[PDB]
Amino acid sequence: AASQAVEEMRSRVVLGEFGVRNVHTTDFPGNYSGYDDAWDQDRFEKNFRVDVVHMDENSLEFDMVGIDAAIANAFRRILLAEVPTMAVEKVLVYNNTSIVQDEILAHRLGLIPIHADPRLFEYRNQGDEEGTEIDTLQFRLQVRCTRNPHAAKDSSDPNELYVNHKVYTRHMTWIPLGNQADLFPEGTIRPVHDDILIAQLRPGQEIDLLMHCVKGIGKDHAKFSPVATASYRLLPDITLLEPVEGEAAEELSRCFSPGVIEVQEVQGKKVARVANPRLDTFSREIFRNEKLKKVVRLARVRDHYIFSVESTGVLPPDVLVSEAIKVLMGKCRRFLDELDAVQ
Amino acid sequence: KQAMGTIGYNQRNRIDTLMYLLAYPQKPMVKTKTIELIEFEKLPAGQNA
Amino acid sequence: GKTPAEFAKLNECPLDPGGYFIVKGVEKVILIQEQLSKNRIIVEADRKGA
Amino acid sequence: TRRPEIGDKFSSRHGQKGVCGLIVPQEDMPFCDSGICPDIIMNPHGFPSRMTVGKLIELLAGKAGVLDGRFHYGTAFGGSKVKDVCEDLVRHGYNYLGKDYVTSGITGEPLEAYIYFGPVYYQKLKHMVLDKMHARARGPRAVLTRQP
Amino acid sequence: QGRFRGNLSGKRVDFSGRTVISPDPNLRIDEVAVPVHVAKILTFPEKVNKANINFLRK
Amino acid sequence: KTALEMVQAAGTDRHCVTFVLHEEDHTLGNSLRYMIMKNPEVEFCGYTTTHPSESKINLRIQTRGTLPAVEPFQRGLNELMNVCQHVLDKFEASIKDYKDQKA
Amino acid sequence: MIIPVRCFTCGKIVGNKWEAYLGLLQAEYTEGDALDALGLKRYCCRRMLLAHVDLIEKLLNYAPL
Amino acid sequence: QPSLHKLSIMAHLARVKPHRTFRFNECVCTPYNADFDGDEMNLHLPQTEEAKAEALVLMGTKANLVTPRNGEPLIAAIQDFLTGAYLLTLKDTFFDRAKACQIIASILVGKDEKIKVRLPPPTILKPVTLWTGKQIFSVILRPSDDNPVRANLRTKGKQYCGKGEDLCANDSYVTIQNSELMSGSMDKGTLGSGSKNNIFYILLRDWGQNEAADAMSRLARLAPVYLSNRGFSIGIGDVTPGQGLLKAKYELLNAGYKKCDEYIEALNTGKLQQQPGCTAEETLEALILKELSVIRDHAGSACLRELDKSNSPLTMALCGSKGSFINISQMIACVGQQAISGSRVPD
Amino acid sequence: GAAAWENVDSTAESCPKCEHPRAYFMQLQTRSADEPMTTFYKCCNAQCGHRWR
Amino acid sequence: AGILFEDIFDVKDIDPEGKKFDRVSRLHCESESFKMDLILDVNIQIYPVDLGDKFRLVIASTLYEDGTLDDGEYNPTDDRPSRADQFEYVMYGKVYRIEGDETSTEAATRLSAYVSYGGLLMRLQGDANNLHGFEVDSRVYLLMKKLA
Amino acid sequence: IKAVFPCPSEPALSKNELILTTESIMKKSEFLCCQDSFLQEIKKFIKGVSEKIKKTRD
RNA sequence: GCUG
Ligand SMILES: [Zn+2]
Ligand SMILES: [Zn+2]
């Protein structure tokens, strides 16, 4: 009925052949005739649930149910831009004789990630270049390329012919400042990857440099961003409007992603059921087939968001999500303090 | 003719009035046969966006 | 007739086309000039339509 | 060493030249389901008047190419056909015409229209605003006519 | 380039500038954004009087 | 000096007020707009960025009746803080539970 | 000239993968399968290894040494 | 740099901003013939109080909204301000209270920061509370209750059928009564620079130059925000020929080719009625050209009939922001006879 | 003659002036400063006789 | 009361010139009690209308039956007994053109009233005695309930 | 003018009344200052409107 | 010579 039509309008975003309908969030007070949309903290608490679908080092997948898009988008935006990390800001260069330009070499070093925990360090004040034990980490890279004394005659391969031909992030060595050495045990502060190729050298060429690492947010530069990518997708809810049986099931299974549709022979006759809608990639190839277009509805549940966070290895991914929630809470607190100061 | 790129392999031993280079050039993801004849994909001028 | 390993001793690029001069350190190309064929009977109209 | 700023000319191998007009953060870009957000947003209004259908095919052939480790050919009077690359995209789970379900980075709500997404070769042109900004208050003058 | 056209009918002028143009829809139609590097050079002679003395001091 | 409140008119009518929030972007404004638009009293709430260059958001709250508009804005900030506190606790409990099952 | 340390759009570290990718290609591995083994699932990351031209080796032949 | 008329040099109020380029609102691109493709423009700072006044009063943009030539407006809406306005004012658009406010709140910047915003009463009440997008557009023309503007306009849109008289099926008849848009979508002919019947021109004369300028500024803020958040894109699907055209073209081409051969046969061996004033060869060219051009016209109509609404190329042609039905038909159906100096290709 | 005038393709289209079906169209492109297309139309059902771009 | 007009209408056509829009359909209707023809746009997503349906259409000057024309602003949140509790669909719009029948040269009584509901148009055409109380620049509530 | 100033409290003039009222206003000096040809065009337009009022009222 |  009309009540059914409104329920879809407020609960499902429907993907269509030419456009996506019901895109806007409409659950605000007075927008509907029979529904109360005023904020209820008790209702939000009861409905909200976070489920960890998968967690592996450097990747976290979790589902937030009952949260709104605006709050969810903030978490993704905070993770990408407002969670702090440590990265090289100033490179002091002595004796750089490599082909790579010093400005290019400085940029490459800034991009390399550091395993130091940002919460321990503090933001450097404007200027104040010298820095302190609390606000900075110092790394020294010194590599000189030399011919291998014992080498084969052909020496076609550079690796056999030269020693230290390639500068790798393993070469960078932490220089402790003040009490940092005691606070951080050996190996806690190191470049995360260990294999990134900073530069390539030939015999007689040397790179000597000192790098200062400072706390920063992603908004200032992308080098400070802690996540390779943070994104959210609403949960797919494919529904077959009419029962589909026979060879049609095989084509319907082909139209969708590999595991979403499973065809079962209930009476020795193939019948199609939706088993794992989460796997659907929404290629919308069903619309290409004229007969099946009317037998299926492609929709996304609006309030169920599957969040995927892949870290750069600087800190655990679960900690990153927790920090992002804290940063948003902090922004609200700062404005409340300003309101108290005004009044 | 005006795109920044790579003049050649001697470009670092070359002193010119004005030279432009792109730092991280990439070869075209879609290419002609003419690109393979003139060897443009050896010293390319552009990046895939 | 050099090989690419011997262009490296001369600081030259194997892909560099040549076809140009170096005169007082600037690279100068003689462009191809298009011309009319001499010794051919043109038959054409004058300004006055003759 | 120069980094791209407002007023730097970029071009795109089909005569669709265009100066940079705005630089926006990654947090404000629209993003796909996979997390991809574009390096460049190009205005659709260029294509109808100019009929650069080859840019629309280059985006599609390239996308089908990066997803399976191929270089698709674009040779004149030949090249890889649309019918072949459409079947490569659906095999890798993308839509056959490259349009994707895109979420707004500002509001978090999804966009109504599907947005065309792909890799397009872009070449940076020598014309940079830093080498072209000029101002004179008063200054040196010619000797014959005492004018600037 | 003769005096009549080059030096009289059309002539080079000072307090002038040139740059690449780019869009900005958040400006009003009567406004133009001028970069700080041009604004620090292009000066206007403000005559000191009772209405602007305390402004020009700053 | 992060928050400057500009009243709509010289009369300083409290019901319509624009809050200019410094060092802010869509992340706080869009989240706050949703929380303060779930208040029945707020007739109109919207945020506008004056220019991409300046990091300031102007948030305009127009109330239905005599409410000063500071009260709806303050309530919205309080609600956002409570929503964040609940999500953090629920997320941490779920993460700990998952690790325990893995062990 | 040298492999970019981070993917331009996504921001994944792709500097570590260049040496492995060259080795996988030296073996029978296909270009698509080699990228799959490295773990470059998204198209943005795959193009960086697939479209990269390594000129550092060629340029170094002309370097002083 | 190249000045063909007086509007190529105008006076603007400076505002200082950090980035190196000169920047202005794209509504003023049409007087300068500027296109933002690495274009450069000159700036002059008048060094005298008398030179400020002559620049401000005589050469100000608000004093120069209309060209001296035919008296038509040149500072008006352009692409993405015509397309966004067209898609907003279509009959299919309905907004709830949350999205109505978030589109309207974009205008609350600058001198409009002090006004009370005047959200209008909703159209649909009982099943749902919806605002039709025409109401949101009307907030451009009167954004607050104290604003005196009462605009009136009544004109034919671009795709008017000619018989509807405000009841047309295309929704292409415009009525703006007391600054409220009662019917019709906004096309180039109503918001653009082409000609009169343009709401901006009507405001100019009726409510003065300042009121007209304010509206143009307000639309520029509102239009990008709707389009940016609705999304407009063009893809190979949009320009892909559908099955109907693919059959029709084969039939039309075969028929046309056969007819041309017959005409060719007559000239070669027989009587081709020589058209008045022309040689037989000339006549053959004319008959052949018409058949070919007729085939092209037939192949174009078919494509438009099957192109679905929402095809982006079609929208830009209808609202007139960029392109035309020739361009659509030329890249989908059939490129025309290629003509050099008004004739078929010379030997 | 009128038939010597209307032995060109177009009929039953729409002009922006008088909307009449009996028409006489033209298309040009030979100015590549004009990146948009160029058209000119004649419309003579009611003998109104417009000729615009 | 504050009722201007009230009659039962039968739907006679749904789309005369095809489905030009998704949400909106152009209902052509005819009334039993009086000889009134009705053109009406309705949102057929929220409220679906079929080709045989019969509905009751009231046009009212005020939504509160006590005849208080106090409408400074309309508050959706406020809940009091009103006329809309008896009706399924409600629209708010303005009467903007009253126009005479052109189709007879003498002794005519048919009038057309045009109402615009934010762009959703209504033409109500009938004898002048039934359209009494319409005036230009007046604001009216349409109310509508389907009958079994 | 009809839409900006609708006057619900005033009577609707007949064809004769509209012509008479226009003539009384036209006799004022400010109208005389304007060119007579322009005044004639206004009178012709008013006469056309008056004819339409009669046709309807008949 | 090229950009405008
Ligand atoms: Zn990537
Ligand atoms: Zn005409």
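In the PDB header, cryo-EM is given as the technique by which the entry was determined, and 3.6 Å as its resolution.

By the naming in the PDB entry, chain F is DNA-directed RNA polymerases I and III subunit RPAC2, taken from Homo sapiens. Looking at the header, the entry is titled "human Pol III elongation complex". Heading Function of the UniProt record for chain F holds this comment: "DNA-dependent RNA polymerase catalyzes the transcription of DNA into RNA using the four ribonucleoside triphosphates as substrates. Common component of RNA polymerases I and III which synthesize ribosomal RNA precursors and short non-coding RNAs including 5S rRNA, snRNAs, tRNAs and miRNAs, respectively."

As recorded in the PDB entry, chain D goes by the name DNA-directed RNA polymerase III subunit RPC2, listed as coming from Homo sapiens.

A. Main features of the interface of chain F and chain A. With 44 residues of chain F at the contact, the number on the chain A side is 46 residues. Between chain F and chain A lies a buried interface of about 4,200 Å² when both sides are counted; carbon and sulfur atoms form 70% of it. Joining chain F to chain A, the criterion identifies five salt bridges. A salt bridge links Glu23(F) to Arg334(A); the nearest nitrogen and oxygen atoms lie 3.5 Å apart. Where chain F packs against chain A, one counts eleven residue pairs in polar contact. The greatest single-element share of the side of chain F that touches chain A, amounting to 23 residues, is contributed by helix α2 (residues 70-102) of chain F. Looking at the side of chain F that touches chain A residue by residue, the classes come out as 19 nonpolar, 14 polar and eleven charged.

B. Up close: the coordination of the zinc ion (ligand 1). All names here are of chain G. Taken together, the protein donors to the zinc ion (ligand 1) comprise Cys7 (SG), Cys10 (SG), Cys44 (SG) and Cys45 (SG), at separations of 2.3 Å. The coordination sphere of the zinc ion (ligand 1) comprises four donor atoms, whose angles at the metal cover 53 to 131 degrees; the geometry is irregular. In primary sequence terms, the donor set of the zinc ion (ligand 1) follows C-x2-C-x33-C-C. Within this pair, whereas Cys10 is found in the segment before α1 (17-26), its partner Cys44 is found in helix α3 (residues 43-51), the two being separated by 34 residues in sequence.

C. Structural context of the sheet that holds strand β2 (residues 24-31) of chain J. Residue and element names in this part refer to chain J. The strand order around the closed barrel formed by eight strands is β1-β2-β3-β7-β6-β5-β8-β4, and the pairing between neighbours is antiparallel. Sheet twist, expressed as the average angle between the axes of neighbouring strands with direction ignored, equals 35 degrees. Judged from the seven bridges that link them, strand β1 (residues 3-13) and strand β4 (residues 54-60) form a sheet pairing that is antiparallel. Its bridge partner lying in β4, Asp10 is registered against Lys54.

D. Region of interest: the packing of helix α9 (residues 317-342) of chain A against α2(F). Orientation of α9(A) relative to α2(F), taken along the N-to-C sense of each, is 160 degrees, at an axis distance of 9 Å. Classified by the angle their axes make, α9(A) and α2(F) are roughly antiparallel. Once α9(A) is placed against α2(F), the crossing between them reads as left-handed. Each residue belonging to the contact of α9(A) with α2(F) can be placed in one class, and the counts come to 17 nonpolar, four polar and five charged.

E. Here's a closer look at the pairing of strand β7 (residues 173-177) of chain H. Residue and element names in this part refer to chain H. Counting buried residues in β7 gives five out of five residues, a clear majority hidden from the surface. The alternating pattern of β7 places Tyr173, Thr175 and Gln177 and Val174 and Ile176 on opposite faces, both of which are buried. Note that strand β6 (residues 152-156) and β7 share five bridges and pair antiparallel. Bridging from a neighbouring strand, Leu153 pairs with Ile176 of β7. Where β7 meets strand β8 (residues 180-183), three bridges bridge the pair, whose relative direction is antiparallel.

F. The protein's contact with RNA strand L, seen in detail. In the vicinity of RNA strand L, the contacting residues are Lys9(D), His127(D), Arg18(E) and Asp39(H). The residue inventory of the surface near RNA strand L, partitioned by class, reads no nonpolar, one polar and three charged.

G. Spotlight on the packing of aromatic side chains. Across all of its chains, the model carries 26 aromatic pairs over all chains by this definition. Measuring from centroid to centroid gives 6.2 Å for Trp174(A) and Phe184(A), while their planes differ by 65 degrees, and the two rings are edge-to-face. With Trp174(A) in strand β10 (residues 173-175) and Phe184(A) in the loop between α6 (180-183) and β11 (197-200), this residue pair connects regions lying ten residues apart in the sequence. For the pair formed by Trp174(A) and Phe184(A), the shared burial category is buried. Ring centres 6.3 Å apart and planes at 50 degrees place the aromatic pair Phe5(J) and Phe9(J) in the tilted group.

H. Inspection of helix α12 (residues 325-332) of chain H at higher detail. Buried within α12(H) we find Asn327(H), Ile328(H), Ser329(H), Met331(H) and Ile332(H). The secondary structure elements touched by the buried residues of α12(H) are α1 (46-50) and α2 (53-66) of chain D together with α9 (243-268), α10 (280-306) and α11 (312-319) of chain H.

I. Summary view of the state of the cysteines. All chains considered together, the criterion is met by one disulfide over all chains. Shown here is the disulfide that connects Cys10(G) with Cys44(G), its sulfur atoms set 2.0 Å apart. Here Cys29(H) stays free of any disulfide, with the sulfur of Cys27(H) as its closest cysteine sulfur at 8.3 Å. With no disulfide of its own, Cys168(H) lies closest to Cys161(H) among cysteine sulfurs, the gap being 5.3 Å.

J. Quick look at the pairing of strand β15 (residues 261-265) of chain A. Residues and elements named next belong to chain A. Summarising the sheet, β15 and strand β16 (residues 270-274) pair through five bridges and their orientation is antiparallel. Bridge pairing links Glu265 to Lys270 in β16. What sits between the antiparallel neighbours β15 and β16 is a turn of four residues, in which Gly268 has the positive phi angle 85 degrees.

What counts and how
- Residues numbered from 1 in each chain as written, not as in the entry; some residues may be left out.
- Chains lettered and ligands numbered in written order.
- Part of a larger assembly, values for the part shown.
- Heavy atoms only, no water.
- Residues with missing side-chain atoms left out of burial classes, pairs and counts.
- UniProt positions renumbered as here; feature names shortened; annotations may be inferred.
- Contact = heavy atoms within 4.5 Å.
- Buried area = accessible area lost by both parts, 1.4 Å probe.
- Salt bridge = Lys/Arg side-chain N within 4 Å of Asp/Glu carboxyl O.
- Polar contact = N/O pair within 3.5 Å; in protein donor to acceptor, adjacent residues only side chain to side chain.
- Helix = DSSP H or I, 4+ residues; strand = E, 2+ residues; numbered from the N terminus.
- Nonpolar A, V, L, I, M, F, W, Y, C, P; charged D, E, K, R; others polar.
- Donors = N, O, S within 2.8 Å, 3.2 Å for Na, K, Ca; no water.
- Tetrahedral: all angles 85-135°; square planar, octahedral: opposite > 155°, others 65-115°.
- Pairing = 2+ DSSP bridges.
- Axes fitted to C-alpha atoms, helices over the stretch in contact; angles between N-to-C directions.
- Parallel < 35°, antiparallel > 145°, perpendicular 65-115°, else oblique.
- Left-handed = near helix turned anticlockwise from the far one by under 90°.
- Buried < 20%, exposed > 50% of the residue type's maximum accessible area, 1.4 Å probe, protein only.
- Near = heavy atom within 4 Å.
- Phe/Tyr/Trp six-rings, centres within 6.5 Å; stacked < 30°, edge-to-face > 60°.
- Disulfide = S-S within 2.5 Å.

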